[PDB]
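This report concerns only the one structure given below.
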Number of protein chains: 2
Amino acid sequence: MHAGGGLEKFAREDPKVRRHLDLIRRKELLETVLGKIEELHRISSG
Amino acid sequence: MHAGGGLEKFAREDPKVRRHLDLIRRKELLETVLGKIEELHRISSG
């Protein structure tokens with residue numbers, strides 16, 4: 001797993017767990033976008 | 001109730017509802033303090 005990177009492919013391979021981890025990832029992208037906006041409001045008060 | 005200011009005392013009279021509103025009041029002063037602290041932290045971070 002750790003030498004070959006076959007952990008993430010091990011995850012990608014199964015139908016159920018692909019949907020689970022993909023769902024968690026898209027949610028992750030949107031959260032990080034919101035975080036970039038929030039940091040922006042802090043760097044410039046107005 | 002509105003002329004005598006006796007609405008608040010009317011609530012004070014029943015014990016169960018008095019314990020209820022007392023719980024709500026203590027939660028209030030604590031909230032306003034935390035709000036001031038959050039505003040302060042915002043002032044000294046950006």
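So you can find residues: chains in the structure tokens are A, B, ... in the order shown, residues in each start at 1, and ligands are numbered from 1 in order.
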Pull the closest atom pair for each residue of chain A that gets at most 9 Å from chain B, along with the distance in Å to one decimal, counting only C-alpha atoms, ordering rows by chain and then ascending residue number, as CSV.
```
residue,atom,partner,partner_atom,distance
A:41,CA,B:46,CA,8.4
A:42,CA,B:46,CA,5.1
A:43,CA,B:46,CA,6.4
A:44,CA,B:46,CA,7.4
A:45,CA,B:46,CA,6.0
```
RMSD after least-squares fit, chain B onto chain A [all C-alpha atoms, in order]: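 1.3 Å is the C-alpha RMSD between the two chains.
Reported to one decimal place, the separation of CA of residue 33 (chain A) from CA of residue 20 (chain A) is 20.7 Å.
With CA of residue 32 (chain B) on one side and CA of residue 38 (chain A) on the other, the separation reads 23.7 Å.
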All helix (DSSP H, G or I) positions in chain A, as an mmCIF file with N, CA and C atoms, in the first residue's frame:
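Ended up saving to part_29.cif:
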```cif
data_model
loop_
_atom_site.group_PDB
_atom_site.id
_atom_site.type_symbol
_atom_site.label_atom_id
_atom_site.label_comp_id
_atom_site.auth_asym_id
_atom_site.auth_seq_id
_atom_site.Cartn_x
_atom_site.Cartn_y
_atom_site.Cartn_z
ATOM 1 N N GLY A 6 -0.781 1.609 -3.815
ATOM 2 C CA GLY A 6 -1.941 0.785 -4.074
ATOM 3 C C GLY A 6 -3.024 0.891 -3.038
ATOM 4 N N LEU A 7 -2.842 1.744 -2.036
ATOM 5 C CA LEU A 7 -3.902 2.034 -1.084
ATOM 6 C C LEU A 7 -5.026 2.824 -1.756
ATOM 7 N N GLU A 8 -4.690 3.936 -2.402
ATOM 8 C CA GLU A 8 -5.709 4.761 -3.049
ATOM 9 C C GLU A 8 -6.381 4.034 -4.201
ATOM 10 N N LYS A 9 -5.627 3.241 -4.965
ATOM 11 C CA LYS A 9 -6.253 2.424 -5.997
ATOM 12 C C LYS A 9 -7.119 1.329 -5.377
ATOM 13 N N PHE A 10 -6.659 0.741 -4.263
ATOM 14 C CA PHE A 10 -7.482 -0.191 -3.502
ATOM 15 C C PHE A 10 -8.808 0.450 -3.139
ATOM 16 N N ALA A 11 -8.785 1.724 -2.767
ATOM 17 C CA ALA A 11 -10.014 2.447 -2.485
ATOM 18 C C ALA A 11 -10.833 2.681 -3.756
ATOM 19 N N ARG A 12 -10.181 3.120 -4.829
ATOM 20 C CA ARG A 12 -10.882 3.428 -6.077
ATOM 21 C C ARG A 12 -11.562 2.211 -6.686
ATOM 22 N N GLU A 13 -11.150 1.018 -6.305
ATOM 23 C CA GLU A 13 -11.563 -0.167 -7.035
ATOM 24 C C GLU A 13 -12.996 -0.611 -6.715
ATOM 25 N N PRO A 15 -17.007 -0.504 -5.828
ATOM 26 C CA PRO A 15 -18.090 0.437 -6.166
ATOM 27 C C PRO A 15 -18.587 1.265 -4.991
ATOM 28 N N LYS A 16 -18.843 0.641 -3.830
ATOM 29 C CA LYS A 16 -19.398 1.379 -2.698
ATOM 30 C C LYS A 16 -18.419 2.425 -2.188
ATOM 31 N N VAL A 17 -17.180 2.002 -1.925
ATOM 32 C CA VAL A 17 -16.215 2.894 -1.329
ATOM 33 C C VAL A 17 -15.764 3.986 -2.310
ATOM 34 N N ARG A 18 -15.869 3.751 -3.629
ATOM 35 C CA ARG A 18 -15.595 4.839 -4.567
ATOM 36 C C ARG A 18 -16.610 5.953 -4.413
ATOM 37 N N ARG A 19 -17.889 5.599 -4.333
ATOM 38 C CA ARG A 19 -18.916 6.613 -4.120
ATOM 39 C C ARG A 19 -18.737 7.313 -2.785
ATOM 40 N N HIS A 20 -18.344 6.575 -1.745
ATOM 41 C CA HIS A 20 -18.160 7.176 -0.422
ATOM 42 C C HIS A 20 -17.031 8.209 -0.426
ATOM 43 N N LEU A 21 -15.839 7.798 -0.870
ATOM 44 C CA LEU A 21 -14.693 8.697 -0.842
ATOM 45 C C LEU A 21 -14.793 9.823 -1.891
ATOM 46 N N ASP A 22 -15.462 9.567 -3.028
ATOM 47 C CA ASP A 22 -15.722 10.653 -3.981
ATOM 48 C C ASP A 22 -16.658 11.689 -3.386
ATOM 49 N N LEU A 23 -17.689 11.238 -2.676
ATOM 50 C CA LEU A 23 -18.593 12.159 -2.029
ATOM 51 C C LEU A 23 -17.853 13.021 -1.025
ATOM 52 N N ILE A 24 -17.049 12.382 -0.172
ATOM 53 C CA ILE A 24 -16.253 13.121 0.792
ATOM 54 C C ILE A 24 -15.319 14.135 0.074
ATOM 55 N N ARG A 25 -14.769 13.769 -1.107
ATOM 56 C CA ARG A 25 -13.831 14.676 -1.815
ATOM 57 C C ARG A 25 -14.518 15.924 -2.418
ATOM 58 N N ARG A 26 -15.668 15.765 -3.084
ATOM 59 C CA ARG A 26 -16.320 16.956 -3.685
ATOM 60 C C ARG A 26 -16.716 17.934 -2.594
ATOM 61 N N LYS A 27 -17.228 17.395 -1.477
ATOM 62 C CA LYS A 27 -17.514 18.204 -0.299
ATOM 63 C C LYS A 27 -16.255 18.924 0.175
ATOM 64 N N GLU A 28 -15.113 18.239 0.081
ATOM 65 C CA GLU A 28 -13.817 18.827 0.466
ATOM 66 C C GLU A 28 -13.441 20.026 -0.430
ATOM 67 N N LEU A 29 -13.644 19.907 -1.756
ATOM 68 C CA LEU A 29 -13.305 21.007 -2.662
ATOM 69 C C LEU A 29 -14.129 22.257 -2.360
ATOM 70 N N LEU A 30 -15.434 22.060 -2.144
ATOM 71 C CA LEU A 30 -16.288 23.207 -1.858
ATOM 72 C C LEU A 30 -15.914 23.873 -0.524
ATOM 73 N N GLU A 31 -15.641 23.063 0.506
ATOM 74 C CA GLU A 31 -15.230 23.639 1.784
ATOM 75 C C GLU A 31 -13.954 24.468 1.652
ATOM 76 N N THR A 32 -12.956 23.937 0.932
ATOM 77 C CA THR A 32 -11.691 24.672 0.762
ATOM 78 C C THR A 32 -11.884 25.985 -0.004
ATOM 79 N N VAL A 33 -12.803 26.003 -0.966
ATOM 80 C CA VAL A 33 -13.129 27.254 -1.658
ATOM 81 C C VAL A 33 -13.679 28.282 -0.673
ATOM 82 N N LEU A 34 -14.658 27.874 0.134
ATOM 83 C CA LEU A 34 -15.186 28.766 1.160
ATOM 84 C C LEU A 34 -14.084 29.270 2.092
ATOM 85 N N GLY A 35 -13.142 28.391 2.438
ATOM 86 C CA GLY A 35 -12.031 28.794 3.292
ATOM 87 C C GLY A 35 -11.144 29.864 2.666
ATOM 88 N N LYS A 36 -10.889 29.745 1.355
ATOM 89 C CA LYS A 36 -10.109 30.761 0.665
ATOM 90 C C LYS A 36 -10.818 32.117 0.684
ATOM 91 N N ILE A 37 -12.155 32.110 0.525
ATOM 92 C CA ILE A 37 -12.916 33.364 0.592
ATOM 93 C C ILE A 37 -12.855 33.959 2.006
ATOM 94 N N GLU A 38 -13.007 33.108 3.025
ATOM 95 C CA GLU A 38 -12.989 33.572 4.415
ATOM 96 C C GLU A 38 -11.641 34.175 4.794
ATOM 97 N N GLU A 39 -10.550 33.553 4.344
ATOM 98 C CA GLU A 39 -9.227 34.109 4.571
ATOM 99 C C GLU A 39 -9.084 35.448 3.883
ATOM 100 N N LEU A 40 -9.708 35.582 2.705
ATOM 101 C CA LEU A 40 -9.671 36.835 1.982
ATOM 102 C C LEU A 40 -10.321 37.960 2.775
ATOM 103 N N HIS A 41 -11.502 37.713 3.336
ATOM 104 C CA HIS A 41 -12.156 38.739 4.158
ATOM 105 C C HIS A 41 -11.290 39.135 5.354
ATOM 106 N N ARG A 42 -10.526 38.196 5.900
ATOM 107 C CA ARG A 42 -9.637 38.550 6.999
ATOM 108 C C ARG A 42 -8.444 39.397 6.549
ATOM 109 N N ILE A 43 -7.830 39.057 5.404
ATOM 110 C CA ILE A 43 -6.630 39.792 5.010
ATOM 111 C C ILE A 43 -6.941 41.264 4.757
#
```
